[PDB]
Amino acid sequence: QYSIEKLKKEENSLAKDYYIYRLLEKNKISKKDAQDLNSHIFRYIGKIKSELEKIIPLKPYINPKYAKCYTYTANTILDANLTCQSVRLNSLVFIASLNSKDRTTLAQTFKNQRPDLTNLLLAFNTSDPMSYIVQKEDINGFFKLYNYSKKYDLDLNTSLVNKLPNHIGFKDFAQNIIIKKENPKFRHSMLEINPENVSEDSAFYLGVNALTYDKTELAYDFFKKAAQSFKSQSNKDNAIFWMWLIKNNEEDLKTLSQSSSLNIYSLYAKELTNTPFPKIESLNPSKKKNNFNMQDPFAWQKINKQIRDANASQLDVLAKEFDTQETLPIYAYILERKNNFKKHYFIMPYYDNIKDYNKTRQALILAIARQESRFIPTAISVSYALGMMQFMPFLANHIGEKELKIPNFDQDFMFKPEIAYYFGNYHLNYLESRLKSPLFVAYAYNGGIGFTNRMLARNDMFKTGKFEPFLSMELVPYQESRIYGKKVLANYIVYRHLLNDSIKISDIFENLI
């Protein structure tokens, strides 16, 4: 481990944040060490921020220009200058705090110049501000009320719902209420959004919405607009899959089977059409090593930043330098960016550590590693999950110290491939014994078995139905876990194939129900 003085010498990075956090959690950062420390933190968010703030509380921040505006309360806002009045009325809580006569007075003041403020003031003078704002079709006001409180729910007419998608807040609004199965009147109302008025993820989610109300024609039209507008081929393919499942046009499935993206939907389309398995690149460097230390986390942060910022020309130099067995994960990382994400790389590094597991287990391990870290041994996430298998410190210490009693265990042992694969195996055994499906395991590996168990206990998730289990996979309530599962499942199919232990993805989908 490294003292605060030596860390200060390193470039700002997630690795440097991780090591500062370790000092903080062990109470080794004095108040004096803590003085200049927020300029030494690459991502001042979450636990490193709460820990530093127990030592040095946040004196900021209210802008010096409006400082005087924040000396007023609901009882004295009428004594404040007009600029201060308008600044404070940015907060709906502040508006809700005001007494009704002052809302009336302020509504008049602001009607000519800030009718937005007028609408919110007078809305809060009613027993249902949302209904007042909906009647005015004040779109900005609608999203401020939604962000103030999710409990407001009301039917929205065709005119109003068609205006919502032009606001930045629309996409997360639609996603949230559809995935969480909240705001039923809002949700039902969004059946009448013209597909011409939406695109990309919003259109896709409005398709999922339509399916939940069994409006299959509307759904198809939404998914078609999504397929046309989505930027990434992976997402287009997800949308084309729905177009096919709903209307059964064989041109759609054919297009999906010919996708350059390797994902569960293109894999499935290839399987349904007797199309051959996609070509997987074979990387077999003859050179054994270079000078690079695959166990130094600071070196990875540095080289990662280089690789990410390299022009197409410097990629070629990096490619050659890292074309060794020992740096195979970095080589494939470079190649993936060099070939503008067109080729399929599915490496198996430090394979000696897993060659004795059955092949199905090898594939699940490799599938998880590929998504978690791209096999970078010193990978560190923004939540300080560590190594190839991205263990959180808590779980790493529980397995390493309590369960396995490894002598002198430290959480940084997760940076060692032998340890990452071993702990991954151990943890995957726990999850698979309870959950069975590799997809369910993936969800639980990323989101925890608690969330997974709760999701699978619901009446409406992964049961029988027309569009199952595909519909359920779109309604997994955490975005990250929804995405993670699809990607890990694709990876799993591929590695099973490479290991000569093929399984039909159609069997995987049957076993989800």
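Heads up: residue numbers just count along the shown sequence, starting at 1. If you superpose the two forms and keep the largest set of C-alpha atoms that fall within 1.5 Å, you have the rigid core.
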Practice problem: Could you tell me which of the two stretches, 52-60 or 474-482, has its Cα atoms lying farther from the shown structure in 9 other deposited structures of this protein after fitting on the rigid core? | Solution: 52-60
Quiz item: When the C-alpha temperature factors are averaged for each of 397-405 and 272-280, which stretch ends up with the higher value in the entry?
Solution: 397-405
Exercise. On mean C-alpha B-factor from the PDB entry, just flag whether 219-227 or 101-109 is the higher one.
Key: 101-109
Quiz prompt | Member of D201, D138, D237, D79 with the greatest C-alpha B factor (per the PDB record) | solution = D79
Quiz item: From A457, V476, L471, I483, can you pick the one with the highest C-alpha B factor in the entry?
Solution: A457
Exercise. Comparing against every modelled residue in the chain, figure out the third that the C-alpha B-factor of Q35 lands in (lowest, middle or highest).
Key: highest
Quiz item: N27: which third of its chain by C-alpha temperature factor?
Solution: middle
Quiz prompt | Chain-relative CA temperature factor third for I48 | solution = middle
Quiz item: By its CA B factor, does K305 count among the lowest, middle or highest third of the modelled residues in the chain?
Solution: highest
Quiz item: What third of its chain, lowest, middle or highest, does the C-alpha temperature factor of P285 fall into?
Solution: highest
